[PDB]
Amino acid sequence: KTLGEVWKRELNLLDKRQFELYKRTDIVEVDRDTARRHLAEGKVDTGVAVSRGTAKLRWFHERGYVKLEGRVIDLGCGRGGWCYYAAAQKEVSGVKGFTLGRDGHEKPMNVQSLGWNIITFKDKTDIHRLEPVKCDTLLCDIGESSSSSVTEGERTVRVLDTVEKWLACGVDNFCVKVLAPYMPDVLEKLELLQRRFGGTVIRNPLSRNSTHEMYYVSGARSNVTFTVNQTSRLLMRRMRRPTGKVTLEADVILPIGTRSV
């Protein structure tokens, strides 16, 4: 009965065209033209991002929502957009990325943007059964959308449940995707996590309107119920005023090469 649950129900009632228009209404997105061309040509030394995820993490990082320091672990790294972004930061000493990379799941992409040499990619890995390892910065960008709010809730609670095992090891920084923060059980788990590890949930402006995803981050503290409902209100307002109006921003270009010595 949360506003977010109402949003989800109304989202599914939209006809095909209503939905397409709604999804990009007033959203911000990076121009991926150059990156796509470079990757298609096999270029590995131009600094382009392997996915839209790089710009997503940059947004949190550049405004202090998450500090990227020391030993970084990236659960559900996919192509590696977050791993490459983290590897290029002076404060980061090493990056370990884990992902399924099988049966349709994206495999890590190998490019040589700054610090590629300090990244250790590991595919064929289900992070829910991966024994926690000590790190300083914990990242996780997992959460598969579902037309069912109940299913999105189940998937979100499972991610938070697994991530809590890792946070329990003692981590200074974190940025974790929360697919369905609007679900009651999820809100409560977040409130419990906040009392245990601090942080709060923040909506990334690069997220599309078809998902209510928000990220649990260590760099801010605020009432989770309030902020999640603020996002529900914004998503609902956009559905009542469809325009498809998008604002393009420059994609991230990282320096290149190894970090040595």
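Residue numbers run from 1 along the displayed sequence.
The question of which stretch, 98-106 or 152-160, has the higher mean Cα B factor is settled in favour of 98-106. Looking at 36-44 and 54-62 together, the entry lists the larger mean B-factor for 36-44, computed on C-alpha atoms. Residue set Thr137, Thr125, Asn117, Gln89: peak C-alpha B-factor at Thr125 (per PDB entry). When the modelled residues of the chain are ordered by their C-alpha B factor, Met183 lands in the middle third.
Per-chain ranking of the deposited C-alpha B factor places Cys169 in the middle third.
Placement of the Cα temperature factor of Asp141 within the chain: lowest third of the modelled residues, per the deposited record. When the modelled residues of the chain are ordered by their C-alpha B factor, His212 lands in the lowest third. The PDB entry assigns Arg203 a C-alpha temperature factor belonging to the lowest third of its chain's modelled residues.
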